[PDB]
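Commentary on secondary and tertiary structure
Residues per chain, in single letters:
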Amino acid sequence: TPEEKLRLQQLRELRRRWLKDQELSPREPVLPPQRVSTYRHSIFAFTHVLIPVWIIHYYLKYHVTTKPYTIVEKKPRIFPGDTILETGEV
Amino acid sequence: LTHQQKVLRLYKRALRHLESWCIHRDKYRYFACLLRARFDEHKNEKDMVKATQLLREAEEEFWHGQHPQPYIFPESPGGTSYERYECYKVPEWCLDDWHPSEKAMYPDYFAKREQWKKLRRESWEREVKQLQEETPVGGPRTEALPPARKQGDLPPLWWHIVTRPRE
Amino acid sequence: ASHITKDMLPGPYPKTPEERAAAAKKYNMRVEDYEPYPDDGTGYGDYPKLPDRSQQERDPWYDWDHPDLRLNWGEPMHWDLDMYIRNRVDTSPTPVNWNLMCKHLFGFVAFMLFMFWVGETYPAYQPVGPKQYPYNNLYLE
Amino acid sequence: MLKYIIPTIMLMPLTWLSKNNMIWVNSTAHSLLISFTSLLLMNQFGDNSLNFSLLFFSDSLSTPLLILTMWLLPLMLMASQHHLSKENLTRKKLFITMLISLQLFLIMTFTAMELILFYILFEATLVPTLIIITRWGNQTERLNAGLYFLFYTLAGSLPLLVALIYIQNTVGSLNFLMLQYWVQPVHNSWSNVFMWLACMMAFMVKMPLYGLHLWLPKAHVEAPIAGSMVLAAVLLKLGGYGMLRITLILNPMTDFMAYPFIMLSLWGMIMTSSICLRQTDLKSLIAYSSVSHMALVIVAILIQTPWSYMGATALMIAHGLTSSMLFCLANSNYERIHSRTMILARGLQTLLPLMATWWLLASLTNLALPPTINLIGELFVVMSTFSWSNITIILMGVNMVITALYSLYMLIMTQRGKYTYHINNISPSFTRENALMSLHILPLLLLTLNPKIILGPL
Amino acid sequence: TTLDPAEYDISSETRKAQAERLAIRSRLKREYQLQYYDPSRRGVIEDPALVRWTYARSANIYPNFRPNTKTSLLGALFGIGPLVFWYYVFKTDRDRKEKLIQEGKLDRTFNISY
Amino acid sequence: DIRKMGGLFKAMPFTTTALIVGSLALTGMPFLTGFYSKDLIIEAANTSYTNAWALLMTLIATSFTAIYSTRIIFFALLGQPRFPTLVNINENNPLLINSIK
Amino acid sequence: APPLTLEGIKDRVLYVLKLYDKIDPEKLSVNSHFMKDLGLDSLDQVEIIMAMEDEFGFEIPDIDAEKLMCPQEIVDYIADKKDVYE
Amino acid sequence: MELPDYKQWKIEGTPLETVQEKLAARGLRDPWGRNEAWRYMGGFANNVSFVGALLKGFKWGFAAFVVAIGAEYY
Amino acid sequence: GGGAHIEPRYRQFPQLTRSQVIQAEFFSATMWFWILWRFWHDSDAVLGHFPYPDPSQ
């Protein structure tokens, strides 16, 4: 169809005209504005882990014997390496 | 839809569901003319019932042989990652509520916006009233005179003319 | 603050042509088969004259369909008929009404009988009669 | 005690006595303070409950329940402020007075020391509530909500006063709950059913069964500006606790007929939540939540055997907040867009980003994620009501499904693209929008840390 | 299964006199966009089909109702019916379970809860 | 889409070695990683009271473990290149190669 | 992020249309009016957009077929879809 | 930037594109010929097939097999 | 913008970095070398063989 001649070719100079207005980056258009103001980097891992490791254990050493039955750790599973003979090997 | 162009909507999709069936890129290509042969077998004859059997029996042999999970052209009426990006969607007219110190940024851009409005500030007196002249009573599809006879500003301004982009 | 005659009044008929369209145009000509008829099985107060029902079903289909918007987003001015099940329903599939799933879901039901047997590997079937003996048969020692 | 009624009545001429617009901030300032007094002498025992006067034991009872009641007052003036700023000050002085005039009785009730101060104060509201519904409505259907709100509440609560005056002169004196130490049982007759039925049905008509709730959405759909008294009417309802003071005793031994109140509300619990899915009006959609997991307490209370009261108490104040707060969201989002029709508001979550996490934490506490109070208030229900009969796991197990599709469909309706035609909705939730919407999720989840302060005696 | 759904049928040429089924709609989308395009609006549109969608659905039935047809006395088969059933199921239990709790002991002695 | 993929080597040297290692591994573990996982099952519990169907049923599923792999291998890594022009592919990606390795 | 310009679209469209041996590559490119190379009613208009989808690949809407008379018209609005030249 | 230039492929090769001869018993023939033949040629004619695809040279296998076998070795 | 560091392809089949593939190929050994010890020393089954329990005596 021919009829779209006078139309939407205005849009080509209208849409692409808005989009023309759109793109801007001089003068740092984030002002920002105001204001002021790796080896070590050895305490960042320390402020990370070494603060808790202290705090968490201070809640344990002072603790495990406080609770009547706290952490339940299991038996040694003794093997005939202490008081025993084998005696086989059979 | 006018009886003339009714085969197009089939002629568009006919080969479409084909390619998702074929695998090799030549396979689609090799069957092109071969299956293209069937169209012009009767090239020039009646528009009415005589050739309506080119429409009539086109129903079967198409729907039969349909749904081999077609290739969907991802950004489109359906299929994956089509409408995907809404996390922007460009809510045009976000420029209202600010409390400046948020308006320090893009000063050149705030300058440009208020310059667009002057068109839409007053384009109306002949923009709206011409639509009272243009459409006599019950007019079908509603666009103005394509120019609006001197300068359209936009006229469709700005909702369709400034509308939202994709990224 | 719509003043007079907001919604349906006591239909189904008073002047089917008086309603659609006085306001609320469901049908154009008062017969589109959109005339404010579909009071099928009345005496149920449900859906009175209602510039409304049985207009067809299975979805707004949400595709290009682009006069302006036309379906579920963009809200054409006034068609609204029946809704609210329309955001969890679509159209025609490729096959039609084949329950082969009840077939396949019962396909294993064939192997129910395969349950009543066992799979014991050793020894083989070796057609037997009284050779079976899962544990013991005759004397212990 | 007078530590409370006296300052809160002292509030009353803290308001009009003031100047022009200083009024709101004047009373909101003080009204918070009383909360220090609220805890102050309260949260004593514990064991062998507190009774400090002849006709008052404020709350001992392990039904503390009173601290909330003193919260919601200076949550109103932050709530109610929106469109009430548009009429005169001598009327605005009123609406703050009657609203207090409610708050004064809810301190009187929950203590009451007895049955017969309860009742006359149990019916002593409906003077202040009815006046807030009919005036300052919105639609014109309000005028019928005025009647329906009576003619039920009052309709069958008169048979109380026929019954409670029947007990007073039968066995000793009802003057005091804390003396039941003589109670004979109720065996059977065609008279005693009625007694038990008269001493009960008045309470049901407040916390609805699936019958005779016909009023509850009639009053809430159309109701004052902010939910201004709609927050209060979600306190009033749950305050039917007093069935906890009776049915524990005072005809203990008729469970014989319990079943028509079990199977009637137990199949409604699976029901009216399901008639809530297709609702097109948002302040309706929440109003039917309020029936549902409220009406679960009525199968918690009738059954004896605690682990229900462990779980029945946590529920009265469970949705006491969540079901409160939702009426606070749907208000705000209505300020900007003047339809209450749920459809119309879509394409939010872009335009009000901070209010995203507000919907979520609300709609997440109907889901009842395990850690919060909500489940630890439901999973003491299921544990005893399972032992009743094993089959209760099904229906009330279904409740835990339809309610999840229920909640989300309300949020996920507000995640969509809609720019559509709205030039409104500019305001990015000025602080009160997000301030009064807080002071719920902060105090709510918080209690899960030391949740022994919400529990019954059992 | 649900449904054909009749993607082909009879036609051609009868009912080609049926036209202006679009003139019904074409009027509005002209008028609707005549509504919808204007510089100064800032607000929602009436959209009557929605006003007549709820108000002819929620209200406007008990007004329209009549208690006559025995397909509207149907509900006794629906509303009350299963509510009797759930009584029949339970009341047998809570008893069958009770009788045993007296004569004979089903439980163990490490059940304190309850 | 498994259509419009192409063959094994067009500037994808390393990633296509990641497929044919793993997508080999999942196939029943000849000497590889899960050699103690899928392999120690049908050789151990397979001596038991088994339903004499799963034995039929499961081991047949083991077959498709091949055609699972080889299908998405042969359409993507095998056939002639098919996909629209202007394809920018760059696999030199410190923040990626660091991860697979 | 991928850079796009208005030259390639004048080239690419010129390109494959000059690839088809059905068209001599002396023929007009930007404006032939395509009605000289419309033969016949079908097997041109929908025929030519069969290949051009194989490179960009968005949907080629139906009602945009009748814009395809002008060979500058096809390239014209493909700029407006994918957000092309300023 | 003019890189997508024509007058380039114009099929000679491609035993899969020799079906133009196969269809010449009916005939079309090629047109449009070179679209599906865009990348049909070039280094895309090799496309290593079966196990040699999954051998990748079998490089270190039979050269490095005894690399540990063996130094004492008794 | 960002940079030109690689241009795209018109199906001229872009070039590799030449440390891209070799650095990878050393991990084509780790499957072909680590497959060494399969048959050395292990057979199709290392088992022991059931000797047909003939002594029913």
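Residues numbered from 1 in each chain as written, not as in the entry; some residues may be left out. Chains lettered and ligands numbered in written order. Part of a larger assembly, values for the part shown. Heavy atoms only, no water. Residues with missing side-chain atoms left out of burial classes, pairs and counts.

Method of structure determination, per the deposited record: cryo-EM was used for this entry, reaching 4.6 Å resolution.

Attention now moves to the overall build of chain G. Tallying secondary structure elements over chain G gives 3 helices and 0 strands in all. Overall, chain G shows an N-to-C arrangement of helices and strands of α-α-α. On the principal axes, the C-alpha backbone points of chain G span a range of 40 × 30 × 20 Å. Within chain G, residue pairs in contact and separated by at least 24 positions form 53% of the contacts whose partners lie at least 6 positions apart. (Helix = DSSP H or I, 4+ residues; strand = E, 2+ residues; numbered from the N terminus. Contact = heavy atoms within 4.5 Å.)

Quick look at the overall build of chain E now. The secondary structure content of chain E amounts to 4 helices and 0 strands. Taken against the 2.2 N^0.38 rule, which gives 13 Å for 114 residues, the C-alpha radius of gyration of chain E at 31 Å runs more than 25% over that of a compact globule. Projected onto the principal axes, the alpha-carbon positions of chain E cover approximately 85 × 45 × 35 Å. (Rg over C-alpha atoms; globule rule 2.2 N^0.38 Å.)

The UniProt record marks residues 71–90 of chain E with the feature "transmembrane region", using the residue numbering of this structure. Taken end to end, residues 71–90 of chain E has its terminal C-alpha atoms 30 Å apart, with 50% of it in helix and 0% in strand. (UniProt positions renumbered as here; feature names shortened; annotations may be inferred.)

Taken together, the contact pairs 13 residues of chain H with 12 residues of chain G. Split into classes, the residues belonging to the side of chain H that touches chain G amount to 7 nonpolar, 2 polar and 4 charged. (Nonpolar A, V, L, I, M, F, W, Y, C, P; charged D, E, K, R; others polar.)

Residues and elements named next belong to chain G. Remark: helix α1 (residues 7–19) packs on helix α3 (residues 71–81), axes separated minimally by 10 Å, with the N-to-C direction vectors making an angle of 135°. With respect to α3, the element α1 is oriented oblique. Once α1 is placed against α3, the crossing between them reads as right-handed. Every residue of α3 that contacts α1 at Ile 9, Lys 10 and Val 13 is listed here: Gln 72, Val 75 and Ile 78. Grouping the amino acids of the contact of α1 with α3 by side-chain chemistry returns 4 nonpolar, 1 polar and 1 charged. (Axes fitted to C-alpha atoms, helices over the stretch in contact; angles between N-to-C directions. Parallel < 35°, antiparallel > 145°, perpendicular 65-115°, else oblique. Left-handed = near helix turned anticlockwise from the far one by under 90°.)

Bringing the packing of helix α19 (residues 319–336) of chain D against helix α20 (residues 356–367) of chain D into the picture now. All names here are of chain D. Look at α19 against α20: their axes get within 10 Å of each other, and the N-to-C directions meet at 145°. The chirality of how α19 crosses α20 is left-handed. Taken together, the residues of α20 that come into contact with α19 (itself represented by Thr 322, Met 325, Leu 326, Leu 329, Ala 330 and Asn 333) are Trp 358, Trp 359, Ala 362, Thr 365 and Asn 366. When its residues are assigned to classes, the contact of α19 with α20 shows 7 nonpolar, 4 polar and no charged.

Ranking the 19 pairs of chains in contact by number of contacts places chains C and E first. For the non-touching pair chain E and chain G, the nearest C-alpha separation works out to 18 Å. Contact between chain E and chain H is absent, and the minimum C-alpha spacing across the pair is 34 Å.

We now examine unusual backbone geometry. Residues apart from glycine generally show negative phi values, whereas peptide bonds are mostly found in trans. For the bond from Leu154(B) to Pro155(B), the omega torsion is 15°, close enough to zero to count as cis. Relative to the helices and strands, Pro155(B) is located in the segment after α5 (124–134). Here the bond from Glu72(H) into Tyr73(H) is cis, since omega is 20°, no more than 30 degrees from zero. Phi is positive for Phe73(B), close to 55°, though the residue is something other than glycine. Summarising the element assignment, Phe73(B) is placed in the loop between α3 (49–56) and α4 (107–121). A positive phi is found at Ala368(D), a non-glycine position, where the angle reads about 60°.

Our next topic: the interface of chain E and chain C. At the junction of the two partners, chain E supplies 30 residues and chain C supplies 33 residues. Taken together, the elements giving at least two residues each to the side of chain E that touches chain C come down to α1 (21–36) and α2 (48–54) of chain E. Residue contributions to the side of chain E that touches chain C peak at 7 residues, all from α1(E).

Right, let's talk about the packing of aromatic side chains for a bit. Here the aromatic rings of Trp307(D) and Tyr114(E) are separated by 6.1 Å at their centres, their planes lie at 85°, and the arrangement is edge-to-face. You can see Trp307(D) sitting in the loop between α17 (297–301) and α18 (309–316) and its partner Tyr114(E) sitting in the segment after α4 (96–102), one on each of two chains. Aromatic pair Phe50(I) and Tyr52(I): ring centres 5.6 Å apart, planes at 70°, arrangement edge-to-face. Following the ring pairs from residue to residue traces out a cluster consisting of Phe110(D), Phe118(D), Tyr119(D), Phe122(D), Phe203(D) and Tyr241(D). (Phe/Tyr/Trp six-rings, centres within 6.5 Å; stacked < 30°, edge-to-face > 60°.)

What follows is about the pattern of salt bridges. Close ionic contact of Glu222(D) with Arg340(D) constitutes a salt bridge, the shortest N to O distance being 3.4 Å. With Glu222(D) in the loop between α12 (216–221) and α13 (233–236) and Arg340(D) in the loop between α19 and α20, this pair connects stretches of sequence that are 118 residues apart. A salt bridge links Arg94(E) to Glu98(E), with the nearest nitrogen and oxygen atoms 3.9 Å apart. Members of the salt-bridge network, linked through shared partners, are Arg336(D), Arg432(D) and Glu433(D). (Salt bridge = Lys/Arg side-chain N within 4 Å of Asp/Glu carboxyl O.)

With that settled, consider helix α11 (residues 192–204) of chain D. In this model α11(D) runs 18 Å from its N-terminal to its C-terminal C-alpha over 13 residues, within 8% of the 18 Å that 1.5 Å per residue would give. Remark: the principal bend of α11(D), roughly 30°, maps to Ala198(D). (Expected span 1.5 Å × (residues − 1). Bend = angle between axes of the 7 residues up to and from the residue.)

Residue and element names in this part refer to chain D. Take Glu 433: it is sitting in helix α24 (residues 431–435). A C-alpha to C-alpha distance of 55 Å links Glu 433 and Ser 191, two positions 242 residues apart in sequence. Each residue touching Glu 433, except ones within four places of it in the same chain, is listed here: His 82, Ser 332 and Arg 336.

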